[PDB]
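Next comes just one chain, in structure tokens: the form deposited in one PDB entry.
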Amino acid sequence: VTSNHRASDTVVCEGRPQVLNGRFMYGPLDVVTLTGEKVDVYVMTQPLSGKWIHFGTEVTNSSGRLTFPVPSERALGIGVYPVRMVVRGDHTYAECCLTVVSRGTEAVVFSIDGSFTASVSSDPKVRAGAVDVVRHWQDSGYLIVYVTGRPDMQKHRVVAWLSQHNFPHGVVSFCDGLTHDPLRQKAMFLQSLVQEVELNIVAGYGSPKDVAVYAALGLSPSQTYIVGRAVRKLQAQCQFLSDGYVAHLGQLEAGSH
């Protein structure tokens, strides 16, 4: 019964086509699919104004998915813009941000569950000092990118958790839920960030499974930060945060990176 819509946080290099994506579903399991419906797409072009601008309309396909191209004459310049997509039939919606960047914008990636969770589920507990480390990278001039292997069906819950513990705003990306190979889906997403969006990814955080993702991107072991105690098989492939995030933060502020 309850709507479970999501829209993808989109990051895009200036001058390039701007495409917004969304998926529209009802139910806990997304049991109902919203097929063939009109969805109106709004952008808050003046991000602090609270005023929505209608940009156009699309129709969901058989899987409830939506792809919306921003008309060239309405392309947004550099900045971060709220986006809201509204189902015309019931006035339900999804929200996300459109982030427009200059070429070569520098970013840092955090794998959510691997980087931030301390326990399993019941809201997982957050690792101590995690938020401050992410906040340190943002205040230092880096675009924050959050990736997770979870399906975007779970986006509402994941974002609520990030927001509850006060994580900095960033670009959040999930798996489509259908690939069955999340590690490669993440690697490919981050590659697309570097190749199509032209981001310069300077550091990667996660747990042991993420080393293969960051390695596939071309990150060096010194730029790869992995939570927990050193693991022998991974010895030269990454930096282990053996002492925790608080200690790691002091090391970053003495200019470790």
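Only the largest set of C-alpha atoms that superpose within 1.5 Å between the two forms is called the rigid core. One rule holds for the numbers: they count along the sequence shown, beginning at 1. Residues that one form lacks are left out of the comparison.
Undergrad: If the chain runs straight from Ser121 to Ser122, say none; otherwise bin the unmodelled deposited residues as 1 to 3, 4 to 9, or 10 or more.
TA: Gap size class: 1 to 3 residues without coordinates, per the record.
Undergrad: Of 168 to 176 and 136 to 144, which one has the bigger average CA B-factor?
TA: Mean C-alpha B-factor is greater for 168 to 176.
Undergrad: Of the two stretches 66 to 74 and 223 to 231, which shows the higher Cα B-factor on average in the entry?
TA: Looking at the record's C-alpha B-factors, the answer is 66 to 74.
Undergrad: Would you mind finding, among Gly204, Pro208, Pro47, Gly27, the residue with the largest C-alpha temperature factor in the entry?
TA: Within the set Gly204, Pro208, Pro47, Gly27, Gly27 shows the top C-alpha B-factor.
Undergrad: Go through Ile53, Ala212, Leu190, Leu34 one by one and give the residue whose Cα B-factor in the PDB entry is largest.
TA: Highest C-alpha B-factor among the listed residues goes to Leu34.
Undergrad: Within this chain, which third does the Cα B-factor at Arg184 fall in: lowest, middle or highest?
TA: For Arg184, the deposited C-alpha B-factor lands in the highest third.
Undergrad: Split the chain's modelled residues into thirds by Cα B-factor; is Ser102 in the lowest, middle or highest one?
TA: Answer is highest: the recorded C-alpha B-factor places it there.
Undergrad: Quick check on the deposited entry: does the C-alpha B-factor of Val12 sit in the lowest, middle or highest third of its chain?
TA: Its C-alpha B-factor, which the entry lists for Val12, ranks in the middle third among residues of this chain.
Undergrad: Using only modelled residues of the chain, where does the Cα B factor of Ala94 rank: lowest third, middle third or highest third?
TA: It belongs to the lowest third of the chain when residues are ordered by C-alpha B-factor.
Undergrad: Select lowest, middle or highest to describe the third in which the CA B-factor of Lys125 falls within its chain in this entry.
TA: As the PDB entry reports it, the C-alpha B-factor of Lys125 lands in the highest third of its chain.
A second form of this protein, the form deposited in another entry, is not displayed here; the remarks below concern that form.
Undergrad: Identify which of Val194, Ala212, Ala230, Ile53 has its C-alpha displaced by 2 Å or more between the shown form and the other one once the rigid core is superposed.
TA: With the rigid core fitted, the residue that moves is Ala230.
Undergrad: Residues present in both forms, rigid core superposed: which consecutive runs of three or more show CA displacements of 2 Å or more between the shown form and the other one?
TA: After superposition, residues 119 to 121, 228 to 235 shift as runs.
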